[PDB]
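As a starting point, one isolated chain is supplied in structure tokens, in the form deposited in one PDB entry.
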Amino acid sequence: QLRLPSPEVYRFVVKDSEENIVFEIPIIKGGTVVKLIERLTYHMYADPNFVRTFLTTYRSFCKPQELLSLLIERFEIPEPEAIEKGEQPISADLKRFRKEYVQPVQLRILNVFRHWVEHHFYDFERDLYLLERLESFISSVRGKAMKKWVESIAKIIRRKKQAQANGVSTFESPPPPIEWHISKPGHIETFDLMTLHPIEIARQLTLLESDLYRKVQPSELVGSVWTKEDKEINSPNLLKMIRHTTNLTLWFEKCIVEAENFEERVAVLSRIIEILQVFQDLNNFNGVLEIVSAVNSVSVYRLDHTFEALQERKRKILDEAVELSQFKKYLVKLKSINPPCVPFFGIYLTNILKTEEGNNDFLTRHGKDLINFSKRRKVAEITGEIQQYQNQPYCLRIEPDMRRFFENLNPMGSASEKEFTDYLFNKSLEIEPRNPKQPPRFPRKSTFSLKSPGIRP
């Protein structure tokens, strides 16, 4: 048995009772933040599953500055008191205390620091003081066994700083050629739904929605922080993914309802159905639901005469997409396809939101509240499926002019979201009014041929 310091001066060695930790290598069910730090840096074993889950979900019960304080407090272990050795090293039982407890614990902390800056460097971008403390502390760790960890952490910090100042941290195998229809490359003014190639529209939208999907970190989904006061700071990538799906859905609605001429409106809807087929060929389920949500809106769905003018095979494909999105059948298709894939966030957000409400944040033992860590583990497992599809990229070339075209898509203009949808429903009542109104007469406004080039590459 080692000679530990007093628990009054190093509270990480407090007798594990029921009022500080609850179990069910043991699985941590809950406990105080002091006990969680000790288990995070426990010397008797190494649980990477516990380090990954902690760093992903710790912000729901501990501030980043507070976590760095606890890890530094865990690092600066005061050894017990020999006294005459002052001005010289000490020996005997301190060698056993340093080799079996001090060295492994301090090595566990450096691995926590290394895993922190590697996968969660955004904590240090939002807080420069947090990065200054770590760099100041890392530069003071003495020892040869820790010199490999100190140089490794400082190397990651440098590489991360080079990535933020550059913007990019793009290797492919053989990418297919870029398709073009009426819009010649380099002429962004002629870019439109009916002038660009439907194959390339779905390709560029899949590549853009894939990049937005891969920038989303799991911590942006913990604690429902995207529906709180600081949602713009806590979930910037998740909200940017949501704002893109809403804008593209309204863009598909805007293209359909603003085609006043009947023949031109049938060509636009047919072009969208073709883009839908390439979306499901690319396993872009986000783009599929953008089109499904567009045709399910009150503005588009009420256009009975437009849908009946389509080919039966055109309607069947669209009806199949609306059927499978009802999301009972969306789970079967996603659980059978391999990456590259762009899944739909909205169903995972629902499973997380209902889990945040289905479990209490704090367990209680004897009047002392413990941090319910099991709630954080279940949420972390829902986010684990998202990172699964983010690993593999798409083997598709990026078109810069088309990328910026879809990045800057703002169909609402300066109006709000509810104001724009009312404009779409009023426009739908103009092109196909309610019965018993007569069919209106609108002339062909397109100055170019609306015939589709096709879906085959």
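The term rigid core refers to the maximal set of C-alpha atoms that superpose within 1.5 Å between the two forms. A residue's number is simply how far along the shown sequence it sits, counting from 1.
From this point on, the text means the form deposited in another entry, which you will not see here.
Undergrad: Picking from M412, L409, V51, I431, which residue has its CA shift by 2 Å or more between this form and the one not shown, once the rigid core of the two forms is superposed?
TA: Among the listed residues, the one whose C-alpha moves by 2 Å or more is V51.
Undergrad: Using a superposition on the rigid core, decide whether the Cα position of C395 changes by 2 angstroms or more between this form and the one not shown.
TA: For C395, whose C-alpha is compared between this form and the one not shown after core superposition, the shift is less than 2 Å.
Undergrad: Verify the C-alpha shift of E260 between this form and the one not shown: is it 2 Å or more after superposing the core?
TA: Shift of 2 Å or more: no.
Undergrad: Comparing between this form and the one not shown on the rigid core, is the C-alpha shift at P340 2 Å or larger?
TA: No, the C-alpha position differs by under 2 Å between this form and the one not shown.
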